[PDB]
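Colleague: got an experimental structure here, sequence first:
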Amino acid sequence: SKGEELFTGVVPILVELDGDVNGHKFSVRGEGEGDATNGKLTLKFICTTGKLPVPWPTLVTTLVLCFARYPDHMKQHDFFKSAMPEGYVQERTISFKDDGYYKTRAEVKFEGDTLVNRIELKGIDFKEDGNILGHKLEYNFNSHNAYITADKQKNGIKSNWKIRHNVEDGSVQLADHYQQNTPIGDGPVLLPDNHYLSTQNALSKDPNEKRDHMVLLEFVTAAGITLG
């Protein structure tokens, strides 16, 4: 459609999440900007309720795929930008192996000029001394590929893939992701063919920030389709 025109320059971003994992409630606010031309995301997230009861890397995927870089030969496969500015709904189930699971429902859309990602998270059946609630995961995030497939019977897209969190003891905690997306408005949306998204993340800290926080740089680039 036409909504991809709104991502030609740099777009300010606001992220708001309300969470509840095993009764531990928390809120995260993030602000920054996205550059879809380069597929670049830069944001600083703050835990406004004090101490985050889960590791920051377990929330990376939850805390705006419309800023991915789609190549010119794949512009007709960009579902996320087509649903703008009315936006789309993103629901996920993140099943941590031998531990609890997340269930998130997010609405991303344009509120004025800012791309807003408002999320509701619920954590269930987590072990209080496990890798998540026990803060045993390293402060990093591996590069991974997530294959996207369209779901015609829901007029949206679906994707499932596995995240590997590095544990401080040397082991690896698997976070099994299952994702579905459906648009908010009724305008025309592009249903792509089978492809995947390549993502890279750099997690850092702000020396002047006293609150529990995460500085995030993220690149997301689309691939998987042959050119010719």
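Modeller: Structure received. Numbers count the residues shown, from 1 in each chain.
Colleague: which residue lies nearest the spatial centre of the chain?
Modeller: Taking CA atoms, centre = their mean, the centroid of the chain lies closest to residue 61, which sits 3.3 Å from it.
Colleague: give me the phi and psi for it.
Modeller: phi -60, psi -30 (degrees, to the nearest 10).
Colleague: just checking, it touches residue 90?
Modeller: No - with contact defined as CB atoms under 8 Å, residue 61 does not reach residue 90; the gap is 10.0 Å. In this view, the C-beta of every residue, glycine as well, is placed from N, C-alpha and C.
Colleague: does residue 31 count as helix, strand or coil?
Modeller: At residue 31, secondary structure determined by DSSP: H, G, I helix; E, B strand; the rest coil is strand.
Colleague: for it, which non-adjacent residue is closest in space?
Modeller: residue 14 (5.5 Å; CB to CB, 6 or more residues apart in numbering).
Colleague: check residue 24 too.
Modeller: residue 53 (4.0 Å).
Colleague: in contact with the residue nearest to the centre of the chain, which residues?
Modeller: Applying CB atoms under 8 Å, 6 or more residues apart in numbering to residue 61 gives the contacts 92, 94, 163, 177.
Colleague: in strands only, show me those.
Modeller: Those of these mapping onto strands are 92, 94, 163, 177, per DSSP state E.
Colleague: and the residues you listed, which two are the farthest apart?
Modeller: 92 and 163 (11.2 Å; CB to CB).
Colleague: now for the two: what residues contact both?
Modeller: Joint contacts of residue 92 and residue 163 (CB under 8 Å, 6+ apart) are 61, 177.
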